[PDB]
>>> print(open('structure_36.cif').read())   # mmCIF, C-alpha atoms
data_upload
loop_
_atom_site.label_atom_id
_atom_site.label_comp_id
_atom_site.auth_asym_id
_atom_site.auth_seq_id
_atom_site.Cartn_x
_atom_site.Cartn_y
_atom_site.Cartn_z
CA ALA A 625 29.01 96.05 -76.20
CA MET A 626 27.27 98.47 -78.55
CA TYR A 627 25.49 99.88 -75.54
CA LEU A 628 28.31 99.67 -73.03
CA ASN A 629 30.28 101.81 -75.50
CA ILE A 630 27.56 104.50 -75.48
CA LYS A 631 27.54 104.33 -71.69
CA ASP A 632 27.99 108.10 -71.35
CA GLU A 633 25.91 110.13 -73.75
CA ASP A 634 25.03 112.26 -70.78
CA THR A 635 28.13 112.99 -68.82
CA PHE A 636 28.80 116.71 -68.88
CA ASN A 637 31.82 116.41 -71.18
CA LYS A 638 29.79 114.54 -73.81
CA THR A 639 26.85 116.93 -74.07
CA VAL A 640 28.69 120.25 -74.39
CA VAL A 641 30.74 118.82 -77.25
CA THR A 642 28.52 119.04 -80.31
CA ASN A 643 28.33 116.18 -82.82
CA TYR A 644 27.94 116.85 -86.53
CA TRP A 645 26.35 114.36 -88.87
CA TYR A 646 25.32 115.14 -92.42
CA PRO A 647 24.36 112.81 -95.26
CA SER A 648 27.36 112.92 -97.57
CA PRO A 649 27.17 115.58 -100.22
CA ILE A 650 28.98 113.81 -103.03
CA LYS A 651 31.32 116.57 -104.08
CA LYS A 652 34.49 116.75 -106.12
CA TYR A 653 37.12 115.84 -103.58
CA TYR A 654 39.20 118.93 -102.90
CA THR A 655 41.00 119.08 -99.58
CA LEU A 656 42.09 121.98 -97.43
CA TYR A 657 44.26 119.80 -95.26
CA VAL A 658 47.14 118.39 -97.29
CA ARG A 659 48.85 119.41 -100.53
CA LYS A 660 50.66 116.52 -102.19
CA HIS A 661 51.23 114.93 -105.62
CA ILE A 662 47.53 114.66 -106.38
CA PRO A 663 46.44 118.16 -107.50
CA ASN A 664 43.43 118.35 -105.20
CA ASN A 665 44.44 121.17 -102.85
CA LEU A 666 41.43 123.42 -102.88
CA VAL A 667 43.33 126.72 -102.77
CA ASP A 668 45.35 125.66 -105.82
CA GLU A 669 42.01 124.78 -107.40
CA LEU A 670 40.62 128.17 -106.40
CA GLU A 671 43.50 130.10 -107.98
CA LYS A 672 42.87 128.05 -111.11
CA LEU A 673 39.22 129.08 -110.92
CA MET A 674 40.20 132.74 -110.68
CA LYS A 675 39.94 134.79 -113.84
CA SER A 676 43.14 135.97 -115.50
CA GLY A 677 44.39 138.96 -113.55
CA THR A 678 42.23 138.80 -110.44
CA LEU A 679 44.80 137.86 -107.82
CA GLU A 680 46.46 141.15 -108.71
CA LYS A 681 43.10 142.82 -108.03
#
>>> encode(input="structure_36.cif", output="structure tokens")
Amino acid sequence: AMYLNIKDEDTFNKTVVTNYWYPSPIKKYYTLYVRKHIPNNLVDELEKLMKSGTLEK
């Protein structure tokens, strides 16, 4: 069933869609997608990485 599940690598819908795989860069987990109680939202992290008085610039 591994190979009946990969029955269509070569239908036209499944070639034009590109597939990304990368070996995981182990990076500090900051997430664009959801801001919640864990302070990991990357934009909030980026404003914290801004120097004092640069968002006014």
>>> atom_distance(input="structure_36.cif", atom1="CA of residue 674 (chain A)", atom2="CA of residue 662 (chain A)")
20.0 Å
>>> residues_around(input="structure_36.cif", residues="residue 667 (chain A)", least_positions_apart="3", cutoff="9 Å", atoms="all atoms listed in the file", output="short mmCIF file (atom, residue, chain, number, x, y, z; two decimals) with C-alpha atoms, in the coordinates of the input")
data_model
loop_
_atom_site.label_atom_id
_atom_site.label_comp_id
_atom_site.auth_asym_id
_atom_site.auth_seq_id
_atom_site.Cartn_x
_atom_site.Cartn_y
_atom_site.Cartn_z
CA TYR A 654 39.20 118.93 -102.90
CA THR A 655 41.00 119.08 -99.58
CA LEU A 656 42.09 121.98 -97.43
CA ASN A 664 43.43 118.35 -105.20
CA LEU A 670 40.62 128.17 -106.40
CA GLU A 671 43.50 130.10 -107.98
CA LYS A 672 42.87 128.05 -111.11
#
>>> atom_distance(input="structure_36.cif", atom1="CA of residue 633 (chain A)", atom2="CA of residue 645 (chain A)")
15.7 Å
>>> residues_around(input="structure_36.cif", residues="residue 652 (chain A)", least_positions_apart="5", cutoff="12 Å", atoms="all atoms listed in the file", output="PDB file with C-alpha atoms, in the coordinates of the input")
ATOM      1  CA  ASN A 664      43.430 118.350-105.200  1.00  0.00           C
ATOM      2  CA  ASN A 665      44.440 121.170-102.850  1.00  0.00           C
ATOM      3  CA  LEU A 666      41.430 123.420-102.880  1.00  0.00           C
ATOM      4  CA  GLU A 669      42.010 124.780-107.400  1.00  0.00           C
TER       5      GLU A 669
END
>>> atom_distance(input="structure_36.cif", atom1="CA of residue 673 (chain A)", atom2="CA of residue 659 (chain A)")
17.2 Å
>>> axis_aligned_box(input="structure_36.cif", around="region 649-666 of chain A", padding_each_side="6 Å", output="lines of an AutoDock Vina configuration file")
center_x = 39.2
center_y = 118.6
center_z = -101.4
size_x = 36.1
size_y = 21.6
size_z = 24.2
>>> decode(input="structure_36.cif", residues="region 640-662 of chain A", atoms="N, CA, C and O atoms", output="PDB file, in the first residue's frame")
ATOM      1  N   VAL A 640       2.765  19.415 -12.004  1.00  0.00           N
ATOM      2  CA  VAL A 640       2.799  20.871 -12.058  1.00  0.00           C
ATOM      3  C   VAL A 640       2.874  21.472 -10.659  1.00  0.00           C
ATOM      4  O   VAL A 640       3.546  22.486 -10.441  1.00  0.00           O
ATOM      5  N   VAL A 641       2.218  20.844  -9.689  1.00  0.00           N
ATOM      6  CA  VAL A 641       2.448  21.154  -8.287  1.00  0.00           C
ATOM      7  C   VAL A 641       3.880  20.793  -7.928  1.00  0.00           C
ATOM      8  O   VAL A 641       4.327  19.669  -8.174  1.00  0.00           O
ATOM      9  N   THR A 642       4.612  21.741  -7.356  1.00  0.00           N
ATOM     10  CA  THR A 642       5.982  21.480  -6.945  1.00  0.00           C
ATOM     11  C   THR A 642       5.999  21.015  -5.496  1.00  0.00           C
ATOM     12  O   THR A 642       5.108  21.360  -4.715  1.00  0.00           O
ATOM     13  N   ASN A 643       6.972  20.182  -5.155  1.00  0.00           N
ATOM     14  CA  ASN A 643       7.083  19.608  -3.820  1.00  0.00           C
ATOM     15  C   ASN A 643       8.397  20.054  -3.203  1.00  0.00           C
ATOM     16  O   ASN A 643       9.466  19.805  -3.763  1.00  0.00           O
ATOM     17  N   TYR A 644       8.325  20.704  -2.049  1.00  0.00           N
ATOM     18  CA  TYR A 644       9.520  21.161  -1.360  1.00  0.00           C
ATOM     19  C   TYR A 644       9.911  20.143  -0.305  1.00  0.00           C
ATOM     20  O   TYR A 644       9.075  19.724   0.497  1.00  0.00           O
ATOM     21  N   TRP A 645      11.171  19.752  -0.297  1.00  0.00           N
ATOM     22  CA  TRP A 645      11.736  19.087   0.861  1.00  0.00           C
ATOM     23  C   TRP A 645      13.092  19.692   1.131  1.00  0.00           C
ATOM     24  O   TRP A 645      13.910  19.808   0.217  1.00  0.00           O
ATOM     25  N   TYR A 646      13.341  20.023   2.386  1.00  0.00           N
ATOM     26  CA  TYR A 646      14.628  20.471   2.861  1.00  0.00           C
ATOM     27  C   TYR A 646      14.960  19.709   4.132  1.00  0.00           C
ATOM     28  O   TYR A 646      14.055  19.363   4.897  1.00  0.00           O
ATOM     29  N   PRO A 647      16.225  19.385   4.363  1.00  0.00           N
ATOM     30  CA  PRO A 647      16.623  18.895   5.679  1.00  0.00           C
ATOM     31  C   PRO A 647      16.462  20.022   6.675  1.00  0.00           C
ATOM     32  O   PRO A 647      16.813  21.158   6.369  1.00  0.00           O
ATOM     33  N   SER A 648      15.911  19.698   7.852  1.00  0.00           N
ATOM     34  CA  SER A 648      15.413  20.719   8.774  1.00  0.00           C
ATOM     35  C   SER A 648      16.528  21.625   9.266  1.00  0.00           C
ATOM     36  O   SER A 648      17.450  21.156   9.944  1.00  0.00           O
ATOM     37  N   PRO A 649      16.493  22.891   8.947  1.00  0.00           N
ATOM     38  CA  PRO A 649      17.400  23.804   9.620  1.00  0.00           C
ATOM     39  C   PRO A 649      16.886  23.998  11.031  1.00  0.00           C
ATOM     40  O   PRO A 649      15.772  24.482  11.237  1.00  0.00           O
ATOM     41  N   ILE A 650      17.636  23.561  12.023  1.00  0.00           N
ATOM     42  CA  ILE A 650      17.166  23.684  13.389  1.00  0.00           C
ATOM     43  C   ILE A 650      17.332  25.133  13.828  1.00  0.00           C
ATOM     44  O   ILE A 650      18.440  25.619  14.081  1.00  0.00           O
ATOM     45  N   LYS A 651      16.214  25.841  13.854  1.00  0.00           N
ATOM     46  CA  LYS A 651      16.205  27.272  14.052  1.00  0.00           C
ATOM     47  C   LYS A 651      15.300  27.574  15.228  1.00  0.00           C
ATOM     48  O   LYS A 651      14.444  26.765  15.584  1.00  0.00           O
ATOM     49  N   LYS A 652      15.540  28.722  15.858  1.00  0.00           N
ATOM     50  CA  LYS A 652      14.709  29.142  16.973  1.00  0.00           C
ATOM     51  C   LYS A 652      13.293  29.351  16.475  1.00  0.00           C
ATOM     52  O   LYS A 652      13.061  30.104  15.527  1.00  0.00           O
ATOM     53  N   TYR A 653      12.356  28.649  17.086  1.00  0.00           N
ATOM     54  CA  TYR A 653      11.025  28.498  16.527  1.00  0.00           C
ATOM     55  C   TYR A 653      10.247  29.791  16.689  1.00  0.00           C
ATOM     56  O   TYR A 653       9.670  30.049  17.746  1.00  0.00           O
ATOM     57  N   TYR A 654      10.230  30.598  15.638  1.00  0.00           N
ATOM     58  CA  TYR A 654       9.385  31.778  15.567  1.00  0.00           C
ATOM     59  C   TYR A 654       8.455  31.627  14.373  1.00  0.00           C
ATOM     60  O   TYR A 654       8.884  31.199  13.299  1.00  0.00           O
ATOM     61  N   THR A 655       7.192  31.984  14.560  1.00  0.00           N
ATOM     62  CA  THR A 655       6.113  31.559  13.679  1.00  0.00           C
ATOM     63  C   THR A 655       5.355  32.754  13.148  1.00  0.00           C
ATOM     64  O   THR A 655       4.884  33.590  13.921  1.00  0.00           O
ATOM     65  N   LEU A 656       5.210  32.807  11.833  1.00  0.00           N
ATOM     66  CA  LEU A 656       4.467  33.891  11.216  1.00  0.00           C
ATOM     67  C   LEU A 656       2.972  33.692  11.377  1.00  0.00           C
ATOM     68  O   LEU A 656       2.198  34.635  11.207  1.00  0.00           O
ATOM     69  N   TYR A 657       2.547  32.479  11.711  1.00  0.00           N
ATOM     70  CA  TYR A 657       1.185  32.070  11.403  1.00  0.00           C
ATOM     71  C   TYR A 657       0.198  32.349  12.519  1.00  0.00           C
ATOM     72  O   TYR A 657      -0.986  32.577  12.249  1.00  0.00           O
ATOM     73  N   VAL A 658       0.622  32.280  13.770  1.00  0.00           N
ATOM     74  CA  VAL A 658      -0.311  32.417  14.879  1.00  0.00           C
ATOM     75  C   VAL A 658       0.378  33.094  16.055  1.00  0.00           C
ATOM     76  O   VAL A 658       1.474  32.698  16.466  1.00  0.00           O
ATOM     77  N   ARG A 659      -0.246  34.156  16.550  1.00  0.00           N
ATOM     78  CA  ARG A 659       0.183  34.875  17.736  1.00  0.00           C
ATOM     79  C   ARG A 659      -0.697  34.427  18.889  1.00  0.00           C
ATOM     80  O   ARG A 659      -1.926  34.510  18.800  1.00  0.00           O
ATOM     81  N   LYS A 660      -0.075  33.957  19.963  1.00  0.00           N
ATOM     82  CA  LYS A 660      -0.832  33.432  21.088  1.00  0.00           C
ATOM     83  C   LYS A 660       0.045  33.642  22.326  1.00  0.00           C
ATOM     84  O   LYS A 660       0.983  34.447  22.284  1.00  0.00           O
ATOM     85  N   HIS A 661      -0.274  32.946  23.427  1.00  0.00           N
ATOM     86  CA  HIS A 661       0.326  33.226  24.729  1.00  0.00           C
ATOM     87  C   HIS A 661       1.832  32.998  24.737  1.00  0.00           C
ATOM     88  O   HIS A 661       2.564  33.697  25.448  1.00  0.00           O
ATOM     89  N   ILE A 662       2.314  32.044  23.959  1.00  0.00           N
ATOM     90  CA  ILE A 662       3.766  31.918  23.815  1.00  0.00           C
ATOM     91  C   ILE A 662       4.281  33.083  22.981  1.00  0.00           C
ATOM     92  O   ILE A 662       3.774  33.320  21.872  1.00  0.00           O
TER      93      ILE A 662
END
